[PDB]
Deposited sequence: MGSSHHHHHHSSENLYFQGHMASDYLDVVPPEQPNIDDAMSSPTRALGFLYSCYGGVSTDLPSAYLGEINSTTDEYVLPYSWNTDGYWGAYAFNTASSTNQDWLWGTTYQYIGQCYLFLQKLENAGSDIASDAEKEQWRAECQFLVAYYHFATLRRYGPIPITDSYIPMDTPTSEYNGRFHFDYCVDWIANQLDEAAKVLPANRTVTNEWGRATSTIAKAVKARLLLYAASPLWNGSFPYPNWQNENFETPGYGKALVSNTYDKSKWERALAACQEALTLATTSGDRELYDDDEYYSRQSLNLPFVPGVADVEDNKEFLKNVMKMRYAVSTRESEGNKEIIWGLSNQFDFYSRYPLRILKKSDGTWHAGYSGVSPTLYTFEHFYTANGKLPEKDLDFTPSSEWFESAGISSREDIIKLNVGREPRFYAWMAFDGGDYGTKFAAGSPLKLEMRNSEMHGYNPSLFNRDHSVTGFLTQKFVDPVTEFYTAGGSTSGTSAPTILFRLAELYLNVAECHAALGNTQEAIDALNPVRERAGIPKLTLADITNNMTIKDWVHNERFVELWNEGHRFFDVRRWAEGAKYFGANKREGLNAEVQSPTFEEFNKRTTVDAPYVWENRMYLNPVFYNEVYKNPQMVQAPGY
C-alpha cells in the first residue's frame, strides 16, 4: 500500500515531457516548426504566437503543486503507521527530492514561485524571491542526496539530485536571473520574502552565482562518472550486432577510409534511442513515458498489399537555423568554415548521381547531422521501407511533398525532416503492421549535459582551456575534431562554442526553450521572421524554386512577457498574495 502511494508521488515528473511534439517546450523554438494548421492541437500555438494568457494556458502549476501535496501526505501516512528504518529513510529522501524537483519544474517556467514546505486565504504564500527559491530548492536536493544511492519506474538517486541542482544553479547564474531581467520593477504587493522584502528578481550581475554553479556542475559530473556509474555512450558496433548496413551519407561513401565516420553516424542514432540493458550508461534520469514518432516520419512510407499506404505526419520541420548550426565535418559552423561551400552556393545541387535533389548545404557535414536530420534526395531510416532506407522526394506531391488535398494537410513546413530518436531497426511491412525496434526511455537528464554545463560555467568565468576540456569529450564522441585555443577567436568565442555545442548535442531534448530564455535572447532567436526554411508549401515545385530561403509564414513573435508562463487567472484571484507575471 505504501509503495503504491510512493510510486504515485512520482506521477508528475512527466510534466513538460521532452520531445513530445504538442508540448510548448518542444514545438515553439527555432529548432523546428509545426504546420500552422496544427495550431488547433495542444498549446504549442498559443505559446509560439503569444496568445497564451491568464485565461488561455498550460496550467502546469496545478499539476506540480498537486504532486507536491501528495509527497507531504505520504510523509504523514508514514508517521501514522511495514518497512525497515533504512527503507523508510529512503522513502523520505525520495519524497524530499521529488518536492524539490517539482518546485524546480515550476520555477523554470514561472520564475519566482511559492515555496511549499508542508501540506485561511490570508495565510497563503505568494511568490518568494527567485534567489530565495533557488537556495531552498538547492538545499533540499543536497539533503536528499546525502541519503539516496548514487545508482540503482526510475527512482531517485543522489546522482539525479546533484544533476538537478547543477542545472538549477546554471539557470540561476544566467543573464535572465543574474542582471538582465527585463522587468526590474516587478515585485510583490503585500507578500514579503524573508531577506528580500517585496523584491522578486535580482537586477544586478553577481559573479559568485557562476562560481557556485561551477562547483555544483563539477560535483555532479564527478558523482555521475564515479559512483553513479555513468559514461558517454561510445559503442560503435551495435549496428553490426543487429545486422544493419552502414547509412548512406552524401559525399561519404561506404569505403574503408570512411568506416569510422559512418560508424559515428550510427553511434549517435543509438546514443539517444537505447536502454541501459542494451549497454547505454549515459542516461542519468529517464522515464518510461513515450512520445509520438509519427509526427516526425515522412508522409508516404510504404505501399501495403491492399493498396493503402503506411504514412507518417511529417510535421516536425527542422529550420534552416538548425541546418546552418549543426557543424561541418571539420567541426565548424558552415558559414564560418573556410573550406566549406560558400553560402551563395548552399542551395545548388551537389550533383550526386540518382540523388540530384541533395543540395550542397547537406554535404560535408558532421556525423550528428546525418544521424539526426533528413532531406530531399537523402535516406530516412535504415530498415524503414520493408527492410530498406526510404529515399525522400520532398518535391513530389504524390510521395513526400506538400499536397493540399491530403487529409489534415500534413507536410514538412521547411522541406527538411528529423530522424532523431528513430530506432534504426524501425520497419514497416508490406503485409501490414510495423515495428519500432526496442523502445527507449525518454531522457530528462543525460551525461552529455553535465559536460556542457561545466563548460558553460568555465566559459562565464574566463577559464577558456577548462571550458574546452569539458566540451571535447562530447565532440570526440560525436566524431568531430577537438577544440584548441587557436579555435577561440573574436568571431567564434568560447561562449559561442559552448552554446552551439549545446544546441547540437541536446537538439530536440527540451533544452532550447529554456536556454534561449535564460540567455535573455528571445528576440534574437524566437522573434518574428527569424524562423526560415525552404519553399516547401508549394505543390510540385521545381528544384530551383524549392531550394530558396523562405520565411516561415505564421504569426511567430517575441515579446518579453514570454520569458515566463502566465499564472492562471483563477489562481491569481484565489490567492491574494499572488502577483501575475509581467505583461500578462
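Residues of the deposited sequence with no modelled C-alpha atom fall in the ranges 1-44, 126-128, 167-171, 205-209.
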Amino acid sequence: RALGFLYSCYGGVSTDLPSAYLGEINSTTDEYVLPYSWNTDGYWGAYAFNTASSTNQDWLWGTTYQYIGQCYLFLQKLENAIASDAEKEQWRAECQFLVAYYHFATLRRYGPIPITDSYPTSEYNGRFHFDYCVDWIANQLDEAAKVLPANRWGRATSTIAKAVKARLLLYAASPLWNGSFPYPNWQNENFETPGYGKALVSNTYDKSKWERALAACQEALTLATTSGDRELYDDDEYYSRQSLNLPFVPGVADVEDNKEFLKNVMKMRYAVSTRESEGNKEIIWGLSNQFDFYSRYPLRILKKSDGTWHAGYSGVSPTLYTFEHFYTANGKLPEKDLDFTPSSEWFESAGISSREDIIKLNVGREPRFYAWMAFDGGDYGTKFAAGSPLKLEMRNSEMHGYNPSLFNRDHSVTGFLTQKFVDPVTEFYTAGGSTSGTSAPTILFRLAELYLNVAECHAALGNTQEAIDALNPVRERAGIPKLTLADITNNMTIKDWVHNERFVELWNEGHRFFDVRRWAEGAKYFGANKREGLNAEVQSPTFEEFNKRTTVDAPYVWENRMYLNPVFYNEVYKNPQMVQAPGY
From here on, numbers count along this sequence of modelled residues.
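Stretches 267-275 and 182-190 differ in mean C-alpha B factor, with the higher average recorded for 182-190. The stretch 63-71 shows the higher mean C-alpha B-factor when 63-71 is compared against 546-554 in the entry. When the C-alpha B factors of 258, 202, 508, 388 are read from the deposited coordinates, the top value falls at 388. The PDB entry assigns the greatest CA B-factor among 81, 105, 417, 447 to 81. Among the modelled residues of the chain, residue 477 sits in the middle third by CA temperature factor in this PDB entry. Sort the chain's modelled residues by C-alpha temperature factor and residue 319 lands in the lowest third, per the entry.
Sort the chain's modelled residues by C-alpha temperature factor and residue 567 lands in the middle third, per the entry. Residue 366 sits in the lowest third of its chain by CA B factor, as recorded in the PDB entry.
Among all modelled residues in this chain, the alpha-carbon of residue 409 has a temperature factor (C-alpha) in the highest third.
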